[PDB]
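Only one chain is given next, in structure tokens, and it is the form deposited in one PDB entry.
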């Protein structure tokens, strides 16, 4: 009896293929195809059409009427999110020459404070603390302000450089902490790399389309007009970067594209007038590499070369740097190596293996050469987690300690120092989580689903340890995965309102994401294999059901943005698997949007999903496009969040989708559309806002699953 809004049909036709005067791609169908979209009119580029507005106000009214009984729970949940944030905080301090550096956040203030304490003292507010740079002071009276970099000049740290942008154009000027020197450097990308003894520093300028194209040396006490430019790459596929070797003796200059690199070395021992670069390996298309210096004579190179898609690490001499015959760490199908950092006594590798983030360590042999047999992987007790080396906090080249960051669905982020040789760990900073959180109450684990083609898909799940595992329990299954993003099983206080009410909270690491490495995205779920994203997700839900963890009556799912594509297709395919669902700013008008280059992101996104103006993609994309596959079947309760002026998805997509669902669905569940009408074109996010949206959706799920009350 009590149906939500259904929009009147207005015949309109959408054309796919070649259209005079429009850039529809390099190979559009000729002649083109036409299909009817009777709800096309809900789109207004202007966001102001009165008939469109009257319709969305019907949606506002139906939403309000229907959220009456979840308002108080939403507010409880919001209170929970609030209590999880520490407005007063200090970061993990780290040695940097004769100081301990750290950041602080203060209760009433928007920006951080960059602080320092002498070598032997206790980090924190007090007589000992020296406030190096207070961003609130820079920010004062300004509408936009972002610091790119705070950069103390090594040995002494008497000059500290910093970069600031007050414009929002991502161009930064470089200034000095309380004008110790007068020098000012304009037109930079925000980064600052010191040369030795505070004599000079290095910076990068841009040209067309704000592309980083030149590396410069600025000598302190000189006008910028005299800066020497060391390097230029004006190939528009390439961007430049500059870094400093760990021992501080060598500058590393590089050009990078999405698939090709090139590095050059500059000797910093030769003074401010020596500008001649040393070529590492010339540019070769499809060959990626990164260079790190072990001392001054040897390079450790992480590369793609010779089909090592997952990376190999190579050891070469400065005097013959194109000879990459010596493999320190061979390629391995199982292991992904994303980077290396080198120190005097060991190198540290980062990447993934078996779906998780990993860190590896390699030491010196008894002979001062790096040694393969030394390779170890840092091990953890829990089955799913996140772990990273934090080399922004490793400022001392001859260290024995690693600085590490661990986080898990059980464990708020912990920073610790670990001994490279023994493996002894010492806590530096463990995150505080308020509102009664304690780690011992929770357990996380790994499950493996099996897709139709036989491929194993990992799931990370967490729950409160007091639930009855001898029966099935209310569950939330989250999925993204496009663009090769990994949805990490890291700590996230935002699932606590679920988990604290008896729910199992689960992530499906489906193809399209990047969790299993290189090919999990690029062959696994992209272009004409994209359907794997949805089939994998379903396989995860079925595994959770066949193993006894849940049942369809007690299962929920959610995705946001490109993850909204996932929920949309999955609800057409297997809505029987889910009692209630969420879809934030969901990408659901796939065909009608992807055909049309007038819509802002369309053109770029051809390189993700494909171009339905082309024969190659028309039917395939049409097979999963959510709006296009809505039909007369039972769907679960659903809540859609979107925004009139939100740039994550054009407002009309979720509006068309909700109208269509209500028009054809055969069930009597509710589809709610929470549509922000008030935020404007330039409105900034704001974070308390995101928590308010999170809270009402979570209240929705919790109502429908019948788990309103806290467990403890």
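Positions refer to the first chain, counted from 1.
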Avg C-alpha B-factor, entry values, 425 to 433 vs 520 to 528, higher side is 425 to 433
Between 636 to 644 and 67 to 75, the record assigns the higher mean Cα B factor to 67 to 75
Highest CA B factor of 541, 535, 85, 549, as deposited, is found at 85
The residue of 558, 614, 333, 628 with the maximal C-alpha B-factor according to the PDB record is 333
Tertile call for residue 278 (CA temperature factor, within chain, third-based) is the middle
Assert third(CA B-factor, residue 28) within chain per record equals middle
Binned into thirds over the chain's modelled residues, the C-alpha B-factor of residue 680 lands in the highest
Residue 687: CA temperature factor from the record, placed by chain third, in the highest
The third of the chain into which the C-alpha temperature factor of residue 400 falls is the highest
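Just so it is clear, the following notes concern the form deposited with a partner chain bound, a form of the same protein that is not shown.
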Among 577, 115, 503, 594, just one has a heavy atom within 4.5 Å of its partner chain in the deposited bound form, namely 594
Picking from 561, 441, 79, 547, the single residue whose non-hydrogen atoms come within 4.5 angstroms of its partner chain in the deposited bound form is 561
- Contact label in the deposited bound form: residue 33 to its partner chain, heavy atom within 4.5 Å: no
4.5 angstroms heavy atom contact with its partner chain in the deposited bound form for residue 587: yes
field: Partner contact for residue 317 in the deposited bound form: its partner chain, 4.5 angstroms, heavy atom
entry: no
- Should residue 70 be classed as touching its partner chain in the deposited bound form when contacts are defined as heavy atoms within 4.5 Å? no
Testing 282 to 290, 525 to 533, 184 to 192, 405 to 413 against its partner chain in the deposited bound form with a 4.5 Å heavy atom criterion leaves exactly one stretch, namely 184 to 192
Assert for residue 447-residue 377 (C-alpha, 3 Å or more) in the deposited bound form vs reference form: pair farther
